[PDB]
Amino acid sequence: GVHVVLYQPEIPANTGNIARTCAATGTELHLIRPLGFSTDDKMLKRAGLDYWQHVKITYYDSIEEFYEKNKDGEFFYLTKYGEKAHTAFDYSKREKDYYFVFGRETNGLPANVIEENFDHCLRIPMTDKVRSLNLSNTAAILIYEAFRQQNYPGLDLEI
């Protein structure tokens, strides 16, 4: 499968957007606490996030716990410090588990995570006119790059 991992996300609208993209694709959502916001059920529903119930979601109290519970698979780390493009790897094997790990809107990923995993750090190409892309936009780009390579498994090409 395809997986998005959010390391300590900050801003509720970004995670709401990412959860929508996950519901839209069958991508799993992994949230590493602390979060910057509540995800209580009654609040999500009155906020009209009806799609949230359809997301395959897992919460973790630490990135250590995340790793322990997700030992198998291919792990990629999205960071502007990466020296490979997000499109440089093959995500076409539907039977594999691909994990794309994203940093905080403000802090990004911890430096040691980037350093320990540098040959799997991916930079979406940019001009020098911004420091970074929006978190939810980067998750949407990576999700649909993987699904493009897999020829859209489980998705409706037409209504």
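Each residue number is its position in the shown sequence, starting from 1.
Practice item. Determine, for stretches 112-120 and 37-45, which one has the higher mean CA B-factor as deposited. Key: Comparing averages over the C-alpha atoms only gives 37-45.
Practice item. On mean C-alpha B-factor from the PDB entry, just flag whether 90-98 or 121-129 is the higher one. Key: Between 90-98 and 121-129, it is 90-98.
Practice item. Using the B-factor values recorded in the entry, state whether the Cα atom of residue 69 falls in the lowest, middle or highest third among the modelled residues of its chain. Key: For residue 69, whose C-alpha B-factor we compare with every modelled residue in the chain, the answer is the middle third.
Practice item. Could you tell me which third, lowest, middle or highest, the C-alpha B-factor of residue 155 occupies within its chain? Key: Middle third by C-alpha B-factor.
Practice item. Using the B-factors in the PDB entry, rank residue 30's C-alpha atom against the chain and give the third, lowest, middle or highest. Key: Its C-alpha B-factor belongs to the lowest third of this chain's values.
Check your understanding: If you rank the chain by CA B-factor, which third does residue 104 end up in: lowest, middle or highest?
Key -> Lowest third, going by the recorded CA B-factors of the chain.
Check your understanding: Once the chain's modelled residues are ordered by C-alpha B factor and cut into thirds, is residue 62 in the lowest, middle or highest one?
Key -> It belongs to the highest third of the chain when residues are ordered by C-alpha B-factor.
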